[PDB]
Every structure is written in structure tokens, then in C-alpha cells.
């Protein structure tokens, strides 16, 4: 009845959570088939996945653009070929798409800069470990953060490196920063996978108590951001919401020719020591309501 293609820039616990949220919302609509592919952080594979979804003539395309520039031509094709395109989370560099949904990455950066400036009482040295440079969240996470800390002449960005969203490059790059900078008061990590990597670099150099750690994503579950705050590894992290259900509702509104917003902006919030506990109690319950919905879906058919 309706087939949807999800072209996803990568695969990890954040994507996993969004995917499952989409599929879970699918079963509330009669007919709809959702197919999902990961690009494993590679622009070619993501083209291949988009071309694949175009060959299969899917009714709608959901994509998160790995890097902005290289993927622009490829999304434009799907658009001129008449297929409706939903951009999630990451953006492209033109307006040739049907609808955008995501959280404001610039404002998150701004929030990160303000939180650090407040915590360091207006004075200190920050190092930044970014996501993949050409992706729109890494760009904006940096811009917003620079905008915020410009208002504090004694908060200084003294080093920056591209960690490609991952813990591996984060560790090496943080090693280089520690070696070259005796005074570091804060690490700004673009996600909660970069963050533990930098921390482990600091831990191992006997210097993790000299600085605060800030990340983005704030997922519940083992190995994720919330847990890192509760474990006193991260001082703060910002909710980067997956909202898989609202993504599918958008798809359905478009397909079923219901009205829709062309742009849906989602909110963030800071998560830290003061609020990590109540958040965990609540997400723990969410997990339970989820497996209830999965048990209840299995009993149908």
C-alpha cells in the first residue's frame, strides 16, 4: 500500500533508537512498509542507497545527509524525479526537499557555550572535538558555541579537531591536546561517543579532574550519555532528540495528502547531575511501555 525508504548516514545506538521508533510507528498504519539502510559514514554508500530507493520506486524518502555538499546533488535528483523527500537531523545546501524535521544544532552549540562559561565562572581554556566537518550538525554545533563564548573575553577556544562523531579519533586527538596544552578547563565534545574518548585520554594522563566534560545526545540505556552523567564521567550533555514517531507521522501526512509543516523544529534540554536521576526513572519506565507495545504488536497477526 505504501513503501518508505530511510537513507541513514551511519549506524549506532542513536540511529538504532530512531529506526526502532519509526518501525514502531509503522505498525499503527495499515499497509506501510519501511526499509532502512546505513551508509556507514560514507558519501558513496549513501548515494548508492538513495539510487537503490529510487530504482525500487519508493513512495517516500527519509534521509539524513552524511555531509551537506556531496549529498545535495543526490537529494535534488530524488526531488526532480518527483519523489517526496524528508530531511532528518542533517541538512543539505538547497531547498529541493519536501520537509525538514530536526533539532536546532546552532542553539545547542550556543547552550553548550553558555553552560561552560557559567561553570568556569567566565574564565578558562576550552578544547573542541567536532563531528565530521562537512555535516551540518558539526558546523552549527561549532558556530553556536563560538557565538556564545564571544560574549566572554576570558573563555578561550585554544584547540579544535574533527573527531568524525566517534570515540576512536576523539582519544587520539585529545592525547595530542593534553600533550600540547598544560592548562585545559573544559572539553566540548559534539556527541556522547566523542566524550568518553576524550575523558579516557584525560583519565590516562592523570588529568580528568582538571576539566569538565560536555557532550550532546543524552540517550538513555547502558553505554550512553545519561549513564555517563550518572557515573560522573560527563558533567553535562544536551538532548538531541530522535523522535522517530514524529518522523513517520510527517511521512504519513504527506503521503495521505493531509496538511503538514514544511519545517518542524524540535527542542533540546541540558542533562546534568541536578536532573539525571529523575530522567533515568522516567526513561526506565519508557523502556517498559515500549516492550509492552512490542508484545502487543506481536499478538496481532
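Residue numbers count along the first chain shown, from 1.
* Where do the C-alpha atoms have the higher mean temperature factor in this entry, in 90-98 or in 188-196? -> Taking the mean B-factor of the alpha carbons in each, 90-98 is higher.
* Asked: Quick one: higher average CA temperature factor, 290-298 or 4-12?
  -> Between 4-12 and 290-298, it is 290-298.
* Out of 144, 168, 225, 82, which one has a C-alpha B factor higher than all the others in the entry? -> The C-alpha B-factor peaks, among 144, 168, 225, 82, at 82.
* **Candidate residues 270, 68, 36, 276, the one whose C-alpha B factor the record puts highest** => Max CA B-factor in the entry, restricted to 270, 68, 36, 276: 36.
* Based on the entry's values, in what third of the chain does the Cα temperature factor of residue 78 lie: lowest, middle or highest? -> According to the entry, residue 78 has a C-alpha B-factor in the chain's highest third.
* Going by the recorded CA B-factors, say which third of the chain residue 41 sits in, lowest, middle or highest. => Middle third.
* Asked: Compared with the other modelled residues in the chain, in which third is the CA B-factor of residue 237?
  -> Bottom third by C-alpha B-factor.
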